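First comes one chain, alone, set out as structure tokens in the form deposited in one PDB entry.
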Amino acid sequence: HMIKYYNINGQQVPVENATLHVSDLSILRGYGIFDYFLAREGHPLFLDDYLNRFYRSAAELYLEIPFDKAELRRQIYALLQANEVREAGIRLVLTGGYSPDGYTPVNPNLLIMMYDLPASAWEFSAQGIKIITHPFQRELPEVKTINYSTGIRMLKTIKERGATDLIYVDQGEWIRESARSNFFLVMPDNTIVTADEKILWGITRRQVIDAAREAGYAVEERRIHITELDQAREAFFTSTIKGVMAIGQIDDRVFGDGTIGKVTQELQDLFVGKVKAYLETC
């Protein structure tokens, strides 16, 4: 039940022995991709979608995953079994590998790490969070790279300023995403708005959009002007750990009374239904 093992390059290894040699290009060059997904009732959620993303991220960095997707899926199931857990967080990392020259990739290092189910997962607080705008555009935004400098560097500024997250705004004209979350507005006519370009295409994002459309809501995937914050009734984040999370304040703009909006609340319940349905196919 406590996590006893990780997997490095297809070998189960006690957590206390899970190391990389310092020639690894993630350490020297931040060259890497990753994926992160929850497991509930002994099943990684929406697994084929997270794995297909992981394979697409690897090909963008010209990094070959040593195992095909069936073989990686087996190793993930074997690791859940070996740690004897049903509720977990799971991280896949694929690094540039042990490079001869501290720059050119050779063969990648593959890591499968495992965590308790995050405590906050799908908390679904009724009180929206408070975030700040930050001018920035992520590099290679469509690839899930290991590159979180700006997001991490900003943690002092976020806290200093009374916030618990931020939203990136490309040349401070275009709303994108947080470091770790996709961003949605709900207009007063109940139209759901989210960025279509220069973002990471979240799996959670995909499930909430599909669930919104199935419930008969209008969803626009489009460029979002900074000024549309002024027109929106609601704002929320999506991610693997957040599920759907109500944002109550961006800078001095309070959405409603700061509590979770109507459509936001309906989208939380639909996401929990997307998960329940997923688990019934396993």
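Here the rigid core means the biggest group of C-alpha atoms that line up within 1.5 Å when the two forms are laid on top of each other. So that there is no doubt, residue numbering starts at 1 and follows the sequence shown.
**Q** Check whether residue 139 has no coordinates in at least a third of the other compared PDB entries of this protein, counting only entries that model residues on both sides of it.
**A** Other entries vs residue 139: at least a third skip it.
**Q** Comparing 250-258 with 52-60, which stretch shows the greater average C-alpha B-factor in the deposited entry?
**A** So the stretch with the higher mean C-alpha B-factor is 250-258.
**Q** Comparing 8-16 with 21-29, where is the mean C-alpha B-factor higher?
**A** So the stretch with the higher mean C-alpha B-factor is 8-16.
**Q** Looking at 126, 114, 208, 94, which one carries the largest C-alpha B-factor according to the PDB entry?
**A** Across 126, 114, 208, 94, the entry lists the biggest C-alpha B-factor for 126.
**Q** Could you say which of 171, 109, 145, 204 has its CA atom at the highest B factor, as listed in the PDB entry?
**A** Comparing C-alpha B-factors across 171, 109, 145, 204, the maximum falls on 171.
**Q** Taking the values exactly as deposited, rank residue 237 by C-alpha B-factor within its chain and report the matching third: lowest, middle or highest.
**A** As the PDB entry reports it, the C-alpha B-factor of residue 237 lands in the lowest third of its chain.
**Q** Can you work out whether the C-alpha temperature factor of residue 34 puts it in the lowest, middle or highest third of the chain?
**A** Answer is lowest: the recorded C-alpha B-factor places it there.
**Q** Just say lowest, middle or highest third for the CA B-factor of residue 217 relative to the other modelled residues in its chain.
**A** Middle third, going by the recorded CA B-factors of the chain.
**Q** Relative to the other modelled residues in the chain, which third contains the C-alpha temperature factor of residue 122: lowest, middle or highest?
**A** Ranked within chain, residue 122 CA B lands in the highest tercile.
**Q** Could you place residue 158 in the lowest, middle or highest third of its chain by Cα temperature factor, using the values in the record?
**A** As the PDB entry reports it, the C-alpha B-factor of residue 158 lands in the middle third of its chain.
Another form exists, deposited in another entry; not displayed. Remarks below refer to it.
**Q** At a threshold of 2 angstroms on the CA positions, core aligned, which residue out of 189, 197, 210, 116 shifts between the shown form and the other one?
**A** Comparing the C-alpha positions, the one residue that moves 2 Å or more is 197.
**Q** Does residue 169 shift between the shown form and the other one by 2 angstroms or more at the C-alpha, the core having been superposed?
**A** Shift at residue 169: 2 Å or more after core fit.
**Q** Given a change of 3 Å or more, say if the Cα atoms of residue 51 and residue 197 sit closer or farther in the other entry than in this form.
**A** Note: Cα gap between residue 51 and residue 197 shrinks in the other entry.
**Q** Looking in the other entry, are the Cα atoms of residue 228 and residue 199 closer together or farther apart than here, the change being 3 Å or more?
**A** Result: farther.
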